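Let me begin by presenting the structure, written as structure tokens, before commenting on it.
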Amino acid sequence: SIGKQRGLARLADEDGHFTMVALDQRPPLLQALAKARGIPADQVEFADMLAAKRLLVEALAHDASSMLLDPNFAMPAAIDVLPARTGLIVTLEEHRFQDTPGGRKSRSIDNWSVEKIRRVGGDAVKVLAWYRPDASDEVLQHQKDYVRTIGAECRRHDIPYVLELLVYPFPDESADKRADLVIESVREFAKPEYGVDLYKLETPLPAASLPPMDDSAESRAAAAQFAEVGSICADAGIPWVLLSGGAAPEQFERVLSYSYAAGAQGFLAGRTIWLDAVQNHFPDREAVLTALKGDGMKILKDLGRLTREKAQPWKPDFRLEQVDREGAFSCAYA
Amino acid sequence: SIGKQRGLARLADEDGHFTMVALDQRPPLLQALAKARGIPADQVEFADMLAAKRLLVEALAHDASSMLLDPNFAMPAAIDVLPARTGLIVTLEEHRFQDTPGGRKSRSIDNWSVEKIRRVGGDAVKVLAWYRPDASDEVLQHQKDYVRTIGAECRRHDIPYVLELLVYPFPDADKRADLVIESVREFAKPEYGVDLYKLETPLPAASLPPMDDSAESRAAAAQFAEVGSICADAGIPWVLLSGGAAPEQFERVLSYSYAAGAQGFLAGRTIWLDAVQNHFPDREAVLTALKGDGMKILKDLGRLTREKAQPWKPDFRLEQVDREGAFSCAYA
Amino acid sequence: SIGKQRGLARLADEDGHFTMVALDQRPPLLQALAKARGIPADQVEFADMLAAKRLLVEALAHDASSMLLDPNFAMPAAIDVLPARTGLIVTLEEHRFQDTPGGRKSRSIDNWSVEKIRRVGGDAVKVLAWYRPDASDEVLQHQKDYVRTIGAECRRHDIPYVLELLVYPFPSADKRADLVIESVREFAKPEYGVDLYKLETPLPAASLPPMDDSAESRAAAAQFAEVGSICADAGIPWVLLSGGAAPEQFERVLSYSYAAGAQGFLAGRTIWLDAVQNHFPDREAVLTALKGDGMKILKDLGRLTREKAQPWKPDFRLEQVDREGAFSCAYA
């Protein structure tokens, strides 16, 4: 359990805040580069995927406590430009899930593993599990076994397990119906058997629907859904960060205000920072950097300000067993 | 070898310098605590070893790019107070070496390994190998094989291989320079997989003349140039161990070494020995003595390092990837 | 503070629950009697109002820890049939409020006062204040001043101050919840001297979903918990007005309220309206209708309170006395 705490510490900043940037995007980045070139998604070159990810790391690493890269694209594109003090979270789930009529089934990226993420000097493993509690028993069971098996792998190599949960529509409704799917998904994977060390959660209520954060009845009703998530994570002892979901900067700031009031320890900013910077200017390197250092970095710095002011600091718990003899530590760390 | 490059970058500061602090002392700390407690070394409680290492890590952490910790004492004592952005080098060699008439033999700490250092979130593995080129053939084959197997273990777990080399007397200045340099040359061979060297000065610190345009200085600088040249050809950055010299002496040693290509230092016992021995267990008295001497020395070595040391740079020479999946297949 | 504590204890049962019954209805009972007699309300004889109040006190005094009586109708009508052990809360507000465009303005019943309620043997004083936070500054200034002046009367006579708050329309469920909750927050301030709160549901009774683990339930419970929080911080127990909601709906409002900390209820019109309206003045037929409906409702409400409501406990928190005479000197 030492490597898990030391790992999480390398994902948080100096003051214990998770101000993380995500760039493991496989389909969302392919559609962003296809728009920027006018060509269909299936015509985007591999070299373009590497150039876009290399640009996001150089431009955004120095203001991210930690970054999420995928093995096939972001790693060979930008590992040499990822600063040593920036934390490295590595994606393990494969973007090509199975869209069965009973639900979505997940699997790891081929020829990539928790063992390799640990070997390459990674600080954490990230798995995204598509989940909805009302899925078929076959889908629910497959997702559970996959999440639990990666948990066992992360416990074996003592490395933080970052689990991202996302709801989705079945092939071919309400804000309260959606909060029940989100919240119960969090409740399920907070169980000790899954070995989750950090959560990457979506908002249980739509960002657009959120009212201003004041002592009003409407705001109090919304805050109750966040309070429920905060309590599930606090009882399991798992910190939670919030994924942007492509909501507007104004909206994602409001999601973070309700989340931070409920206990959330940070964010994971994806498309919300760089989607427009890439789409509107690729392949012009200097034009992409002007939007990333300008407007995109503004969003990042503003979110870090709200995080520093309102997010409760994450603190490690090295609840080490009492060693009172020379040699007992080496024997106990097995 | 992305892990080796990334792990080496985690041992250096943002400028590329290695300003390391060694806190893996096992017998020297026990001796310092026997004198602090006024008792025999075999009577010092394990709690005092943890207490000493915990205040040592807390006090020195902010003036070190990386710290060297031993597993049995420094790790349970201070893993929670070692900053997240301070590099963590874990010691692997056993302090109890075998003192044979033909030379010293080395081994790993029992129930500890490269895999465990990689598991725990270590940034690099450290092995000190006692070496003399004139030791018996049995001792030479034992020392060479031990260095080589840890090299294979580190290549297997893609973790940087830090190797410390030290000469010693057999059980009873140019000769010592020959022992040092020929030891550096041997373990610079590719079979050993060394990523960073921790070396003692090839010429005695006290005998070193001022760094001027004189013949005496050129003769001295030539030994450092030979060490520098061996390491540059092998692609191994080298840092120097303080070795017990006075502050002005080690500064001069660093000045000759940095001119030869050295990329940093390793500050050992001398930073804190007097502070611990004179004031333990009074925590504040130790911290106060530390600030007035040892911590000042470390700041001076850091300003000297960023002034004269040539920066180290991560050389990622990865085979260019052309398709999705090629990276995952290649990293095998 | 002793009298307020003893007075509150006498409004609750020996378990600590407020199973209160409201019998201070003036125009609602007049309308019920006009419908029973088949005559206009302005033709209803004063003796019918007394016969109705007297009927209701004898009937409901069995299942009520305390009763709310009005001075001009209930007091002459049924003080002799109100059991000594049933607490007596006496109404002070005039039913004829001033219906201004900027909001409703309240006043005390003419020739009735807090001094008289204390004198006659009353356990508590009750004031209903029509309140909206968005009413005109003049109406707000009038209501705040009236509530505060009765709170001062109650501190002077050391008698409990029961304040009932009600929203009204000028001449969305979240918009009503803001009017209700912010009204509770204003009169919970220490300057008002409120001892017990009689509150309406912040969210409509019909709208309330089942008390399960759904998001729909947590959102509804949040409004109840804000009311429960404002009242626990001020040290004011809160009960709930039935407000004409159907029995199943009131039991649901009570489950949400009791989870937030409510200590009881006040049952109004619902209990007896149809019974009196349909059978008055046939005394027996009224009691027979009451037994099959209203009395059954009250038994269920009392049972639900015994199981789910938190018991109110008296906190005398008296300053310690060390001498004979100190208590008499300190109570002034």
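Naming scheme: A, B, ... for chains in displayed order of the structure tokens; residues 1 onward per chain; ligands 1 onward as shown.
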I need the chain C residues near chain A as an mmCIF file with N, CA and C atoms, in the first residue's frame; criterion: at most 9 Å, counting only C-alpha atoms.
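So out.cif came out as:
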```
data_model
loop_
_atom_site.group_PDB
_atom_site.id
_atom_site.type_symbol
_atom_site.label_atom_id
_atom_site.label_comp_id
_atom_site.auth_asym_id
_atom_site.auth_seq_id
_atom_site.Cartn_x
_atom_site.Cartn_y
_atom_site.Cartn_z
ATOM 1 N N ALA C 173 -42.712 24.616 -7.186
ATOM 2 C CA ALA C 173 -42.473 24.036 -5.864
ATOM 3 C C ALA C 173 -41.200 24.565 -5.217
ATOM 4 N N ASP C 174 -40.171 24.892 -6.020
ATOM 5 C CA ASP C 174 -38.921 25.458 -5.492
ATOM 6 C C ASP C 174 -39.123 26.929 -5.085
ATOM 7 N N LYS C 175 -40.040 27.653 -5.765
ATOM 8 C CA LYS C 175 -40.326 29.047 -5.431
ATOM 9 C C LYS C 175 -41.125 29.150 -4.127
ATOM 10 N N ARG C 176 -42.004 28.180 -3.857
ATOM 11 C CA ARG C 176 -42.761 28.137 -2.611
ATOM 12 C C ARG C 176 -41.806 27.724 -1.479
ATOM 13 N N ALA C 177 -40.947 26.716 -1.723
ATOM 14 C CA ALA C 177 -39.969 26.265 -0.738
ATOM 15 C C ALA C 177 -39.059 27.400 -0.276
ATOM 16 N N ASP C 178 -38.715 28.351 -1.162
ATOM 17 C CA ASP C 178 -37.895 29.502 -0.771
ATOM 18 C C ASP C 178 -38.655 30.456 0.156
ATOM 19 N N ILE C 181 -38.960 28.323 3.642
ATOM 20 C CA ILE C 181 -37.683 28.175 4.333
ATOM 21 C C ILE C 181 -37.094 29.509 4.806
ATOM 22 N N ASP C 213 -34.370 5.368 -1.534
ATOM 23 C CA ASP C 213 -32.987 5.789 -1.767
ATOM 24 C C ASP C 213 -32.750 6.456 -3.128
ATOM 25 N N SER C 214 -33.813 6.978 -3.752
ATOM 26 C CA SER C 214 -33.720 7.620 -5.055
ATOM 27 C C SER C 214 -33.250 9.082 -4.981
ATOM 28 N N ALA C 215 -32.832 9.632 -6.129
ATOM 29 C CA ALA C 215 -32.412 11.017 -6.267
ATOM 30 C C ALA C 215 -33.611 11.930 -6.007
ATOM 31 N N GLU C 216 -34.809 11.511 -6.463
ATOM 32 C CA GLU C 216 -36.056 12.235 -6.264
ATOM 33 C C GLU C 216 -36.314 12.449 -4.760
ATOM 34 N N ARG C 218 -33.841 12.271 -2.231
ATOM 35 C CA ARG C 218 -32.792 13.096 -1.626
ATOM 36 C C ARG C 218 -33.011 14.574 -1.912
ATOM 37 N N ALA C 219 -33.515 14.894 -3.112
ATOM 38 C CA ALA C 219 -33.795 16.272 -3.484
ATOM 39 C C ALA C 219 -34.919 16.824 -2.596
ATOM 40 N N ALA C 220 -36.010 16.060 -2.414
ATOM 41 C CA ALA C 220 -37.104 16.504 -1.556
ATOM 42 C C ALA C 220 -36.656 16.631 -0.079
ATOM 43 N N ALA C 221 -35.973 15.606 0.449
ATOM 44 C CA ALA C 221 -35.462 15.609 1.812
ATOM 45 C C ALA C 221 -34.539 16.802 2.094
ATOM 46 N N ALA C 222 -33.866 17.360 1.062
ATOM 47 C CA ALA C 222 -32.955 18.485 1.282
ATOM 48 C C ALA C 222 -33.686 19.687 1.834
ATOM 49 N N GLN C 223 -34.895 19.968 1.337
ATOM 50 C CA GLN C 223 -35.681 21.095 1.838
ATOM 51 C C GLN C 223 -36.089 20.907 3.285
ATOM 52 N N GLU C 226 -33.089 21.452 5.626
ATOM 53 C CA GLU C 226 -32.713 22.851 5.817
ATOM 54 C C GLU C 226 -33.615 23.464 6.902
#
```
If we count only C-alpha atoms and set the cut-off at 12 Å, which residues sit around segment 83-87 of chain C, ignoring sequence neighbours fewer than 5 positions away in its own chain? Please answer as a ChimeraX atom specification.
/C:6-14,18-22,57-69,78,121-125,160
Report as JSON lines: every residue of segment 75-120 of chain A with an atom at most 9 Å from segment 9-33 of chain B, its closest pair of atoms, and their distance in Å to one decimal, counting only C-alpha atoms, with rows sorted by chain and ascending residue number.
```
{"residue": "A:83", "atom": "CA", "partner": "B:9", "partner_atom": "CA", "distance": 8.4}
{"residue": "A:84", "atom": "CA", "partner": "B:10", "partner_atom": "CA", "distance": 5.4}
{"residue": "A:85", "atom": "CA", "partner": "B:10", "partner_atom": "CA", "distance": 7.0}
```
Please produce an output containing C-alpha atoms for each residue in the selection, written as an mmCIF file, in the first residue's frame.
```
data_model
loop_
_atom_site.group_PDB
_atom_site.id
_atom_site.type_symbol
_atom_site.label_atom_id
_atom_site.label_comp_id
_atom_site.auth_asym_id
_atom_site.auth_seq_id
_atom_site.Cartn_x
_atom_site.Cartn_y
_atom_site.Cartn_z
ATOM 1 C CA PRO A 83 8.008 16.841 -17.400
ATOM 2 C CA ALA A 84 9.534 14.597 -14.764
ATOM 3 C CA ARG A 85 7.524 16.290 -11.923
#
```
Polymer residues at most 9 Å from residue 147 of chain A, only C-alpha atoms, same-chain spacing of 6 or more positions, as JSON, numbers by chain:
{"A": [106, 127, 128, 129, 163, 189, 194, 195, 196]}
Which one of A:67, A:114, A:259, A:28 sits closest to residue 119 of chain B if you count only C-alpha atoms?
A:114
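Residue neighbourhood of residue 189 of chain B, excluding near-sequence residues (fewer than 2 positions): residues 144, 147, 148, 151, 182, 183, 184, 185, 186, 187, 191, 192, 193, 194, 195, 230, 231, 233, 234, 235 and 236 of chain B, at 12 Å, using only C-alpha atoms.
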Set the distance at 10 Å and use only C-alpha atoms: which residues neighbour residue 317 of chain B once local chain neighbours fewer than 4 positions away are removed? I'd like the list as a VMD selection string.
(chain A and resid 80) or (chain B and resid 1 to 2 5)
Tell me as JSON, numbers by chain which residues belonging to chain B come within 7 Å of chain A, counting only C-alpha atoms.
{"B": [2, 3, 6, 7, 9, 10, 46, 47, 71, 72, 73, 76, 80, 84, 85, 111, 112, 119, 120, 121, 157, 158, 316, 321, 322, 323, 324, 325, 326, 327, 328, 329]}
Identify all residues of segment 103-193 of chain A in strand (DSSP E) (DSSP on the backbone) and supply them as a ChimeraX atom specification.
/A:103-105,124-130,161-166
